[PDB]
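Please read the structure below before turning to the comments.
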Protein chains: 2
Amino acid sequence: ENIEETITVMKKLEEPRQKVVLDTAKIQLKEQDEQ
Amino acid sequence: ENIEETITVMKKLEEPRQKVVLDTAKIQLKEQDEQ
């Protein structure tokens with residue numbers, strides 16, 4: 001499941017790399033709002 | 001905390017965009033592991 005699998009990867013990532021993932025999720029929601 | 005904030009955003013995303021976020025996390029981990 002996508003969220004559970006993302007949690008598993010993120011638990012291994014240092015905070016700055018987790019922040020990239022979060023900021024990517026925020027862009028994806030902006031793009032979703034433009035569909 | 002970044003993981004919970006990412007979950008919150010991902011819960012709003014359509015499944016293909018959730019997969020974008022998971023694949024972004026997987027990329028970050030491959031880079032972290034190669035550093």
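Chain letters run A, B, ... following the sequence lines, proteins first, then strands; residues in each count from 1.
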Group every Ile, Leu, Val, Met, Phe, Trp and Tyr by side-chain heavy-atom contacts under 4.5 Å, then state whether B:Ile7 and B:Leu29 land in the same group. yes

Give me the atom names and distance for the closest heavy-atom approach of A:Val21 to A:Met10. CG1-SD, 3.9 Å

The criterion is side-chain hydrogen bond (donor to acceptor under 3.5 Å, both in side chains); which residues satisfy it with A:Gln32, sequence neighbours excluded? none

Qualifying residues under salt bridge (charged side-chain N to carboxylate O under 4.0 Å, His left out), relative to A:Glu31, sequence neighbours excluded: B:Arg17

Could you measure the distance from the CG atom of A:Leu22 to the OG1 atom of B:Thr24? Nearest 0.5 Å is fine. 11.5 Å

Is it true that atom CD of A:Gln35 has more than 12 heavy atoms of other residues, nucleotides or ligands lying nearer than 6.0 Å? yes

Distance in Å, B:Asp23 CG paired with B:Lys26 NZ, rounded so as to fall on 0.5 Å steps: 6.0 Å

Could you check whether A:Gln28 and B:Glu14, counting side-chain N and O atoms only, form a donor-acceptor pair closer than 3.5 Å? no

In the single-linkage hydrophobic clustering (I, L, V, M, F, W, Y; side-chain heavy atoms under 4.5 Å), do B:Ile3 and B:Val9 co-cluster? yes

Looking only at non-hydrogen atoms, find the nearest pair between A:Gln18 and A:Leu13 and report the distance. NE2-O, 3.4 Å

Those residues at least two apart in sequence (or on a different chain) that pass salt bridge (charged side-chain N to carboxylate O under 4.0 Å, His left out) with B:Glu15 are none

